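Have a look below at one chain only, the form deposited in one PDB entry, in structure tokens format.
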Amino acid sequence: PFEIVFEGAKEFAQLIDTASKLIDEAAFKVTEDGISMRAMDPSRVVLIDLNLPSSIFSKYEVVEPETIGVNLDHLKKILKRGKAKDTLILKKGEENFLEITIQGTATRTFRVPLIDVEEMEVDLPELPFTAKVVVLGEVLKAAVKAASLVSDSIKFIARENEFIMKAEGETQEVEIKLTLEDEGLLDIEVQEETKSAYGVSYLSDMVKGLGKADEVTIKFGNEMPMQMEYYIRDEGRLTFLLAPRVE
């Protein structure tokens, strides 16, 4: 059983919403160190990893370690009610259910049932990426939607001080070159020319719930998977590992 408290129920809501467009169920590993959730999309193309150290919660009491499988859509409904300055309380006891309290002006407590979820043990890979980029949710959300109107795959290209994103349609196309001076690109670090393609449809769910000011770190390599990291409260981290589309 545990008692976890997060300040700012909206930001937390959005987090779960994001890392949920590809999955229906998840098991959350609650330990003394923090909360972690790891799962793969039904197609086994995207790996979703969520790590939330105790450090980011205002209150962190974990008596006995636990893993609670919950239906993400159900959970999303509840958290959708949280406001920016609402405090989020997560209480687990002996019973087989999770207590959630959105505390504030309209404080209310919801009861969420715990289901069993096939917990596929898989670790997070340390891939030898050759290119790292830090972008703004805006530009990235734009290019991904833009590309979805012409092709089913978008291509990533990165060379020193330069990052491109293009796609070829049946009639018209899309392309976007960013350099350190587009501020849509906040940082870039490559080691060698790096090209790779990915599925617009997977990137869609991955960037759907990204604010415009949100910042994301993307790491990839030629004909290799792409990694996207979103930091929450600085230490908390949401990671997506996306299988490439090889030519």
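Just so we're on the same page, rigid core means the largest C-alpha set that superposes within 1.5 Å between forms. Shifts are known only where both forms have a C-alpha. Note that residue numbering follows the sequence shown and begins at 1.
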53-61 versus 66-74: which one carries the higher mean Cα B factor per the record?
66-74
Please compare 32-40 with 180-188 and name the stretch with the higher mean C-alpha B-factor in the deposited structure.
180-188
Highest recorded C-alpha temperature factor, please, choosing from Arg159, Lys155, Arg108, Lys91.
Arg159
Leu22 - Cα temperature factor, lowest/middle/highest third of chain
highest
If you rank every modelled residue in this chain by C-alpha B factor, which third holds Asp86: lowest, middle or highest?
lowest
Which third of the chain holds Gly211 when residues are ordered by C-alpha B factor: lowest, middle or highest?
highest
Can you tell me whether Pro128 has a C-alpha B-factor in the lowest, middle or highest third compared with the other modelled residues of the same chain?
lowest
Per the entry's values, where does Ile102 land by CA temperature factor relative to the rest of its chain, in the lowest, middle or highest third?
lowest
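Beyond the structure shown, there is the form deposited in another entry, which is absent from this document and is the topic of what follows.
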With the core superposed, a Cα shift of 2 Å or more between this form and the one not shown singles out one residue among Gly209, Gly199, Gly34, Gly184. Which one is it?
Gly184
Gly169: Cα shift of 2 Å or greater between this form and the one not shown (core-aligned)
yes
Note: conformational shift between this form and the one not shown, core-aligned, Cα at least 2 Å, runs of three or more in sequence order, located at 169-173, 181-184
